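Shown next as structure tokens: one chain only, the form deposited in one PDB entry.
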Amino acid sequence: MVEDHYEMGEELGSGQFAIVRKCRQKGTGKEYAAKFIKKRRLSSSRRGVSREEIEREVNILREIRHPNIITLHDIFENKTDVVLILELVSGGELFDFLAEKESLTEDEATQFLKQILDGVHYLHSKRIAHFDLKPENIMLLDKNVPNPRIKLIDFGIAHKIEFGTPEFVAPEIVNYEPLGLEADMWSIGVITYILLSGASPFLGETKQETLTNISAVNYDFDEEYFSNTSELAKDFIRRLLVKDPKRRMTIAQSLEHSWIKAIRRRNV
């Protein structure tokens, strides 16, 4: 059993069918995050996570080796749960960081985005789409520094290309059209808008209104939030928030973009 080898500690987070606890590996003293995923009782049960979601997630994490993506250390399973022993990331979600900061400067935003884009470049090079990129799925190593390091998490709907969270889904998801790596690029555009403004671009009062806004690409650079934003930043976002996935910037193009490079290019 997992608890023979890992002493479980405080609960760090929870969702509908998962709980994550801090734990300590008894043999080494090393601390990890143990994610307990509740299995379906029966193969096609309504409640619980499909065994397919679990195995697919495990297999993707085991194949990835990148500094901006969480590592999987081990796996345990009993009758009711699959327990993933994951790298512990203790600086909280980017979501909570942003909550405290309200909105980021373009320099602060690009420092995060360089890391997010590097991790996504690694995934896309392997033809893996994450499909649930959002600030809640980006963890900080340490929140009390100017340039915090991040790791992508929650690969539960990641797929190899051969419905995530309403505010972040691309139009092709909303309209049941073919999916690819481009959906992740849309989500990066949403993240970028949020980092710079503190506002979610497509959010409506209801989920239905949010989804309607996405499909119509109904957003703006409202002067409330974007009165000081550079034309480069807007170009970056505008080239991601495009309805036709074929027209959207690719991950390589996003990394080459002058906005991302601006901070590297300048001295002061």
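Rigid core here is just the name for the largest C-alpha set that superposes within 1.5 Å across the two forms. From 1 onward, residues are counted along the sequence shown.
According to the PDB entry, the deposited sequence contains 4 to 9 residues between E162 and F163 that lack coordinates.
Taking only CA atoms, the mean B-factor in the PDB entry is higher for 89-97 than for the other of 107-115 and 89-97. As listed in the deposited structure, the average C-alpha B-factor of 41-49 and of 204-212 is greater for 41-49. When the C-alpha B-factors of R239, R62, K35, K30 are ranked from the entry, the top spot goes to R62. Listed residues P146, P135, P171, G189 were ranked by CA B-factor as deposited; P146 comes out on top. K26: CA B factor lies in the lowest third for its chain, per the PDB record.
In this PDB entry, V217 carries a Cα temperature factor that places it within the middle third of its chain's modelled residues. When the CA B factors of the chain's modelled residues are split into thirds, the value for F155 lands in the middle one. When the CA B factors of the chain's modelled residues are split into thirds, the value for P245 lands in the lowest one. The PDB entry assigns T80 a C-alpha temperature factor belonging to the highest third of its chain's modelled residues.
Quick note: we don't show the form deposited in another entry, though the next part is all about it.
Core-based superposition between this form and the one not shown shows that, of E177, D74, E77, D107, only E177 has its Cα displaced by 2 Å or more.
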